[PDB]
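A.B. asks: I'd like to ask you about the structure that follows.
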Amino acid sequence: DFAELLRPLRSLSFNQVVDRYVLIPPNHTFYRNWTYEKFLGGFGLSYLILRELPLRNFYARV
Amino acid sequence: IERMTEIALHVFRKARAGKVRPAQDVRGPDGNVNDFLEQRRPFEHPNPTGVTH
Ligand SMILES: CCCCCCCCCCCCCCCCCC(=O)OC[C@H](COP(=O)([O-])OCC(O)COP(=O)([O-])OC[C@@H](COC(=O)CCCCCCCCCCCCCCCCC)OC(=O)CCCCCCCCCCCCCCCCC)OC(=O)CCCCCCCCCCCCCCCCC
Ligand SMILES: CCCCCCCC/C=C/CCCCCCCC(=O)OC[C@H](COP(=O)(O)OCCN)OC(=O)CCCCCCC/C=C/CCCCCCCC
């Protein structure tokens with residue numbers, strides 16, 4: 001399993017390793033925090049649908 | 001015309017009371033209000049039941 005962590009490194013040379021995983025081209029235009037916005041914002045969207053539950057009893061929805 | 005009027009009004013009241021109209025007066029025969037909110041103790045209603053299939 002320790003040799004399985006280095007599988008993608010054996011097929012590559014050192015120059016290919018650096019150009020692949022180290023020298024990632026700079027691109028600072030992405031919306032990285034969209035991952036947190038969709039997850040945490042989903043609580044609010046879930047409440048919109050959850051507030052319309054056809055549960056008859058008010059205290060059941062409580 | 002006074003007697004003619006009270007004949008019609010006696011029929012009008014009976015007909016108006018016969019219809020299923022929303023409560024217009026504040027208080028019914030008792031002093032209590034005639035609304036859906038005027039339900040006090042004693043508590044004698046169970047949980048609300050769901051829809052039937
Ligand atoms: C044509 C007729 C129908 C024929 C087909 C019938 C078959 C249909 C099913 C197949 C088709 C489904 C299509 C989508 C594919 C998804 C497949 C899948 O497996 O998803 C599993 C899906 C996700 O699995 P999951 O990874 O476990 O995520 C849920 C975790 O809780 C997440 O928790 P978390 O902590 O990891 O993350 C927090 C989470 C926040 O999540 C929560 O907080 C909710 C937690 C639930 C409440 C907490 C209490 C837990 C209750 C436990 C008991 C529940 C058991 C229920 C088991 C049900 C099993 C299905 O926030 C987020 O992660 C991101 C949320 C925001 C992302 C954007 C979401 C977009 C959704 C789609 C939008 C468009 C739809 C239209 C809008 C709705 C219609 C007006 O599980 C669900 O069932 C979610 C249910 C949510 C309510 C859905 C109500 C709407 C249903 C839509 C139906 C169609 C529209 C209505 C048509 C009306 C006429 C018919
Ligand atoms: C009818 C159209 C109405 C549109 C709204 C009217 C207002 C218009 C005013 C808009 C002015 C535009 C100014 C620029 C806004 C910038 C938007 C933005 O930053 O998005 C970034 C980013 C792009 O991601 P990257 O690829 O990483 O970044 C690349 C950058 N080049 O966008 C996102 O994160 C995606 C999220 C977009 C907004 C949320 C979309 C969901 C909204 C919900 C409604 C959709 C309902 C139906 C969805 C279907 C679901 C099954």
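Ligands are numbered from 1 in the order shown, chains are lettered A, B, ... in the order of the structure tokens, and residues start at 1 in each chain.
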With a distance threshold of 12 Å and counting only C-alpha atoms, extract the residues of chain A near chain B and express them as a list in words.
C.D. replies: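 Residues satisfying the distance criterion: residues 54, 55, 56, 57, 58, 59 and 60 of chain A.
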A.B. asks: Would you mind exporting the chosen residues as a compact mmCIF listing (two decimals), in the first residue's frame, restricted to N, CA, C and O atoms?
C.D. replies:
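What landed in part-v4.txt:
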# COMPACT_ATOMS: atom_id res chain seq x y z
N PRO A 54 -46.46 18.22 4.29
CA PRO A 54 -47.91 18.08 4.48
C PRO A 54 -48.29 17.44 5.81
O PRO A 54 -49.42 16.96 5.96
N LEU A 55 -47.37 17.40 6.76
CA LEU A 55 -47.68 16.87 8.07
C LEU A 55 -48.85 17.63 8.68
O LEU A 55 -48.84 18.86 8.75
N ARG A 56 -49.87 16.88 9.11
CA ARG A 56 -51.09 17.50 9.60
C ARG A 56 -50.86 18.22 10.92
O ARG A 56 -51.26 19.38 11.08
N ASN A 57 -50.23 17.55 11.87
CA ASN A 57 -50.04 18.10 13.20
C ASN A 57 -48.95 19.16 13.21
O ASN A 57 -47.87 18.96 12.64
N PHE A 58 -49.24 20.29 13.85
CA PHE A 58 -48.26 21.35 13.97
C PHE A 58 -47.07 20.93 14.82
O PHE A 58 -45.92 21.27 14.51
N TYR A 59 -47.32 20.19 15.90
CA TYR A 59 -46.26 19.74 16.78
C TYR A 59 -45.43 18.60 16.20
O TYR A 59 -44.33 18.34 16.69
N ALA A 60 -45.93 17.93 15.16
CA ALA A 60 -45.10 16.95 14.45
C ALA A 60 -44.03 17.65 13.63
O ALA A 60 -42.89 17.16 13.54
A.B. asks: Select from chain B everything DSSP, run on the backbone, classes as helix (DSSP H, G or I), then give the selection as a PyMOL selection string.
C.D. replies: chain B and resi 2-18
A.B. asks: With N, CA, C and O atoms retained, could you export that selection as an mmCIF file, in the first residue's frame?
C.D. replies:
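Below is the file that was written, result.cif:
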data_model
loop_
_atom_site.group_PDB
_atom_site.id
_atom_site.type_symbol
_atom_site.label_atom_id
_atom_site.label_comp_id
_atom_site.auth_asym_id
_atom_site.auth_seq_id
_atom_site.Cartn_x
_atom_site.Cartn_y
_atom_site.Cartn_z
ATOM 1 N N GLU B 2 -97.101 49.112 8.333
ATOM 2 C CA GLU B 2 -96.325 48.599 9.454
ATOM 3 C C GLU B 2 -96.533 47.101 9.632
ATOM 4 O O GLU B 2 -95.574 46.348 9.827
ATOM 5 N N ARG B 3 -97.787 46.652 9.571
ATOM 6 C CA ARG B 3 -98.068 45.227 9.695
ATOM 7 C C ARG B 3 -97.565 44.453 8.487
ATOM 8 O O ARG B 3 -97.044 43.341 8.627
ATOM 9 N N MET B 4 -97.697 45.028 7.292
ATOM 10 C CA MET B 4 -97.161 44.386 6.099
ATOM 11 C C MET B 4 -95.656 44.202 6.195
ATOM 12 O O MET B 4 -95.116 43.212 5.692
ATOM 13 N N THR B 5 -94.966 45.142 6.838
ATOM 14 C CA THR B 5 -93.515 45.082 6.928
ATOM 15 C C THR B 5 -93.059 43.980 7.876
ATOM 16 O O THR B 5 -92.181 43.180 7.534
ATOM 17 N N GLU B 6 -93.642 43.920 9.073
ATOM 18 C CA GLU B 6 -93.200 42.939 10.058
ATOM 19 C C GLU B 6 -93.537 41.516 9.644
ATOM 20 O O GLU B 6 -92.967 40.572 10.199
ATOM 21 N N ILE B 7 -94.445 41.340 8.686
ATOM 22 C CA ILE B 7 -94.678 40.016 8.124
ATOM 23 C C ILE B 7 -93.499 39.604 7.259
ATOM 24 O O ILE B 7 -93.020 38.468 7.336
ATOM 25 N N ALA B 8 -93.012 40.522 6.428
ATOM 26 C CA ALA B 8 -91.881 40.217 5.563
ATOM 27 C C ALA B 8 -90.603 40.055 6.369
ATOM 28 O O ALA B 8 -89.800 39.156 6.096
ATOM 29 N N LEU B 9 -90.394 40.913 7.365
ATOM 30 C CA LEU B 9 -89.183 40.822 8.166
ATOM 31 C C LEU B 9 -89.140 39.528 8.963
ATOM 32 O O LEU B 9 -88.061 38.965 9.170
ATOM 33 N N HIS B 10 -90.295 39.037 9.406
ATOM 34 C CA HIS B 10 -90.320 37.761 10.102
ATOM 35 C C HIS B 10 -89.924 36.628 9.170
ATOM 36 O O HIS B 10 -89.313 35.648 9.606
ATOM 37 N N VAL B 11 -90.263 36.748 7.889
ATOM 38 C CA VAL B 11 -89.843 35.761 6.906
ATOM 39 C C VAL B 11 -88.391 35.974 6.505
ATOM 40 O O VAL B 11 -87.683 35.010 6.194
ATOM 41 N N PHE B 12 -87.928 37.223 6.489
ATOM 42 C CA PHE B 12 -86.552 37.491 6.094
ATOM 43 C C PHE B 12 -85.569 36.988 7.140
ATOM 44 O O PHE B 12 -84.534 36.405 6.798
ATOM 45 N N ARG B 13 -85.874 37.200 8.421
ATOM 46 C CA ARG B 13 -84.997 36.709 9.477
ATOM 47 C C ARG B 13 -84.916 35.193 9.461
ATOM 48 O O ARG B 13 -83.831 34.618 9.596
ATOM 49 N N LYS B 14 -86.058 34.527 9.299
ATOM 50 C CA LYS B 14 -86.059 33.074 9.260
ATOM 51 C C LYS B 14 -85.270 32.556 8.067
ATOM 52 O O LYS B 14 -84.582 31.534 8.164
ATOM 53 N N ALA B 15 -85.353 33.248 6.931
ATOM 54 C CA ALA B 15 -84.610 32.818 5.753
ATOM 55 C C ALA B 15 -83.123 33.105 5.898
ATOM 56 O O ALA B 15 -82.284 32.299 5.481
ATOM 57 N N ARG B 16 -82.778 34.252 6.484
ATOM 58 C CA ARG B 16 -81.372 34.589 6.675
ATOM 59 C C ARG B 16 -80.719 33.651 7.680
ATOM 60 O O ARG B 16 -79.546 33.288 7.528
ATOM 61 N N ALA B 17 -81.457 33.254 8.715
ATOM 62 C CA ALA B 17 -80.918 32.311 9.684
ATOM 63 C C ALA B 17 -80.806 30.913 9.101
ATOM 64 O O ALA B 17 -80.027 30.100 9.608
ATOM 65 N N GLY B 18 -81.575 30.618 8.052
ATOM 66 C CA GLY B 18 -81.502 29.314 7.426
ATOM 67 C C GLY B 18 -80.270 29.132 6.572
ATOM 68 O O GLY B 18 -79.778 28.010 6.425
#
A.B. asks: When the cut-off is 10 Å and you count only C-alpha atoms and all ligand atoms, which residues lie near ligand 1, shown as JSON, numbers by chain?
C.D. replies: {"A": [35, 36, 37, 38, 39, 40, 41, 42, 43, 44, 45, 46, 47, 48, 49, 50, 52]}
A.B. asks: Go ahead and write the selection's residues with N, CA, C and O atoms as a PDB file, in the first residue's frame.
C.D. replies:
ATOM      1  N   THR A  35     -17.747  25.469  -3.359  1.00  0.00           N
ATOM      2  CA  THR A  35     -17.981  24.220  -2.649  1.00  0.00           C
ATOM      3  C   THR A  35     -18.658  24.463  -1.307  1.00  0.00           C
ATOM      4  O   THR A  35     -19.606  23.760  -0.944  1.00  0.00           O
ATOM      5  N   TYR A  36     -18.182  25.456  -0.557  1.00  0.00           N
ATOM      6  CA  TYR A  36     -18.785  25.769   0.730  1.00  0.00           C
ATOM      7  C   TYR A  36     -20.120  26.482   0.571  1.00  0.00           C
ATOM      8  O   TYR A  36     -21.020  26.300   1.396  1.00  0.00           O
ATOM      9  N   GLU A  37     -20.267  27.289  -0.478  1.00  0.00           N
ATOM     10  CA  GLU A  37     -21.511  28.014  -0.699  1.00  0.00           C
ATOM     11  C   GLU A  37     -22.655  27.067  -1.031  1.00  0.00           C
ATOM     12  O   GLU A  37     -23.775  27.241  -0.542  1.00  0.00           O
ATOM     13  N   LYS A  38     -22.392  26.059  -1.858  1.00  0.00           N
ATOM     14  CA  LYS A  38     -23.434  25.113  -2.231  1.00  0.00           C
ATOM     15  C   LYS A  38     -23.825  24.236  -1.050  1.00  0.00           C
ATOM     16  O   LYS A  38     -25.009  23.947  -0.850  1.00  0.00           O
ATOM     17  N   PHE A  39     -22.847  23.820  -0.250  1.00  0.00           N
ATOM     18  CA  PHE A  39     -23.120  22.965   0.899  1.00  0.00           C
ATOM     19  C   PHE A  39     -23.880  23.721   1.981  1.00  0.00           C
ATOM     20  O   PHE A  39     -24.968  23.311   2.396  1.00  0.00           O
ATOM     21  N   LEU A  40     -23.315  24.830   2.454  1.00  0.00           N
ATOM     22  CA  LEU A  40     -23.951  25.577   3.531  1.00  0.00           C
ATOM     23  C   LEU A  40     -25.208  26.292   3.059  1.00  0.00           C
ATOM     24  O   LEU A  40     -26.172  26.414   3.822  1.00  0.00           O
ATOM     25  N   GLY A  41     -25.220  26.776   1.817  1.00  0.00           N
ATOM     26  CA  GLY A  41     -26.423  27.364   1.263  1.00  0.00           C
ATOM     27  C   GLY A  41     -27.546  26.376   1.056  1.00  0.00           C
ATOM     28  O   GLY A  41     -28.711  26.782   0.981  1.00  0.00           O
ATOM     29  N   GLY A  42     -27.223  25.089   0.956  1.00  0.00           N
ATOM     30  CA  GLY A  42     -28.240  24.067   0.833  1.00  0.00           C
ATOM     31  C   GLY A  42     -29.102  23.910   2.061  1.00  0.00           C
ATOM     32  O   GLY A  42     -30.224  23.406   1.959  1.00  0.00           O
ATOM     33  N   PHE A  43     -28.599  24.319   3.224  1.00  0.00           N
ATOM     34  CA  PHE A  43     -29.423  24.324   4.422  1.00  0.00           C
ATOM     35  C   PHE A  43     -30.612  25.257   4.253  1.00  0.00           C
ATOM     36  O   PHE A  43     -31.737  24.921   4.636  1.00  0.00           O
ATOM     37  N   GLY A  44     -30.380  26.435   3.675  1.00  0.00           N
ATOM     38  CA  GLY A  44     -31.474  27.356   3.436  1.00  0.00           C
ATOM     39  C   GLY A  44     -32.427  26.867   2.366  1.00  0.00           C
ATOM     40  O   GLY A  44     -33.645  27.022   2.489  1.00  0.00           O
ATOM     41  N   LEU A  45     -31.893  26.270   1.301  1.00  0.00           N
ATOM     42  CA  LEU A  45     -32.762  25.739   0.261  1.00  0.00           C
ATOM     43  C   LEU A  45     -33.531  24.525   0.750  1.00  0.00           C
ATOM     44  O   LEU A  45     -34.685  24.323   0.356  1.00  0.00           O
ATOM     45  N   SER A  46     -32.917  23.710   1.604  1.00  0.00           N
ATOM     46  CA  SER A  46     -33.628  22.575   2.172  1.00  0.00           C
ATOM     47  C   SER A  46     -34.764  23.028   3.073  1.00  0.00           C
ATOM     48  O   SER A  46     -35.804  22.364   3.140  1.00  0.00           O
ATOM     49  N   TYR A  47     -34.587  24.153   3.767  1.00  0.00           N
ATOM     50  CA  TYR A  47     -35.634  24.653   4.643  1.00  0.00           C
ATOM     51  C   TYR A  47     -36.833  25.144   3.848  1.00  0.00           C
ATOM     52  O   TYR A  47     -37.971  25.040   4.316  1.00  0.00           O
ATOM     53  N   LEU A  48     -36.599  25.683   2.652  1.00  0.00           N
ATOM     54  CA  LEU A  48     -37.706  26.115   1.811  1.00  0.00           C
ATOM     55  C   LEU A  48     -38.612  24.948   1.461  1.00  0.00           C
ATOM     56  O   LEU A  48     -39.840  25.083   1.455  1.00  0.00           O
ATOM     57  N   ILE A  49     -38.024  23.794   1.158  1.00  0.00           N
ATOM     58  CA  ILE A  49     -38.825  22.631   0.808  1.00  0.00           C
ATOM     59  C   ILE A  49     -39.348  21.947   2.055  1.00  0.00           C
ATOM     60  O   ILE A  49     -40.448  21.386   2.048  1.00  0.00           O
ATOM     61  N   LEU A  50     -38.585  21.985   3.143  1.00  0.00           N
ATOM     62  CA  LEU A  50     -38.986  21.289   4.352  1.00  0.00           C
ATOM     63  C   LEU A  50     -40.097  22.023   5.088  1.00  0.00           C
ATOM     64  O   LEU A  50     -40.862  21.396   5.826  1.00  0.00           O
ATOM     65  N   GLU A  52     -42.704  23.108   3.860  1.00  0.00           N
ATOM     66  CA  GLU A  52     -43.956  22.832   3.171  1.00  0.00           C
ATOM     67  C   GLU A  52     -44.385  21.378   3.333  1.00  0.00           C
ATOM     68  O   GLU A  52     -45.105  20.841   2.490  1.00  0.00           O
TER      69      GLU A  52
END
A.B. asks: If you count only C-alpha atoms and all ligand atoms, which residues end up within 7 Å of ligand 2, as a VMD selection string?
C.D. replies: chain A and resid 29 to 32 34
A.B. asks: For the residues selected in the previous step, produce a file with C-alpha atoms as a CSV table (one decimal), in the first residue's frame.
C.D. replies:
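part_16.csv written:
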chain,number,residue,atom,x,y,z
A,29,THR,CA,-10.1,33.3,-11.6
A,30,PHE,CA,-12.0,30.3,-10.3
A,31,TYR,CA,-14.7,30.5,-7.6
A,32,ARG,CA,-13.1,28.0,-5.2
A,34,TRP,CA,-18.4,27.6,-4.4
A.B. asks: Any idea what the distance is between CA of residue 36 in chain B and CA of residue 20 in chain B?
C.D. replies: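 It comes out at 15.0 Å.
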A.B. asks: What gap, in Å, lies between CA of residue 22 in chain B and CA of residue 45 in chain B?
C.D. replies: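 Separation between CA of residue 22 in chain B and CA of residue 45 in chain B: 22.9 Å.
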